[PDB]
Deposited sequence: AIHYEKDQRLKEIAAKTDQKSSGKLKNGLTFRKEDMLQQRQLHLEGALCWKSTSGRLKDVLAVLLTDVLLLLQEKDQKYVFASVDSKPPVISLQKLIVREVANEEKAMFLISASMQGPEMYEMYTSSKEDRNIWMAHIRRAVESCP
């Protein structure tokens, strides 16, 4: 019954992440399990749905770290970096903005800006959860190195 701590949770997420999985950033670099443990803090993590082009809501674990937001899926009881619309599942916090989705109070747009921009439409469980996510993402972007 040890109380939740963000640093310990990050170690746990990394431990459950598949060693063979990597996730692309927009600049072509990739991110792996080992990078989760390299001088990064966890600001927030929780379940979201990533709305694909086909309109399908894909369950992901979103993990907001010091300099990136990770989108992970499940496979064989382990995390893998999410595969949705061939978009980078590792989002740099530099120059990231967040916006409400005007017709869906549960959702938010994440828009990243060098190698071009990308837009993500993410669904939370409620308007309250949307506000929490947007606030945390904005704060992380503010203090991003």
Report summary line: The answer, as deposited-sequence ranges with no C-alpha, is 114
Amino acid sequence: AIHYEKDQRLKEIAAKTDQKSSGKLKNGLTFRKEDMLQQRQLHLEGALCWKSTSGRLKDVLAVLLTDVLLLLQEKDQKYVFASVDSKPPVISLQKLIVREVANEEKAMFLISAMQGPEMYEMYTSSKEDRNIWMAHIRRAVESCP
From here on, numbers count along this sequence of modelled residues.
Query raised in the report: Mean CA B-factor: is it higher for 51-59 or for 22-30?
Result: 51-59
Report task. Look up the CA B-factors in the entry and say which stretch, 13-21 or 129-137, has the higher mean. Result -> 13-21
Query raised in the report: Of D85, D35, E104, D67, which one's C-alpha B factor is largest in the deposited record?
Result: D85
Query raised in the report: Checking the entry, which one of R99, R40, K78, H43 has the top C-alpha B factor?
Result: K78
Requested in this report: Taking the chain's C-alpha temperature factors as the reference, tell me which third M119 falls into: lowest, middle or highest.
Outcome: middle
Requested in this report: Could you tell me which third, lowest, middle or highest, the C-alpha B-factor of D7 occupies within its chain?
Outcome: middle
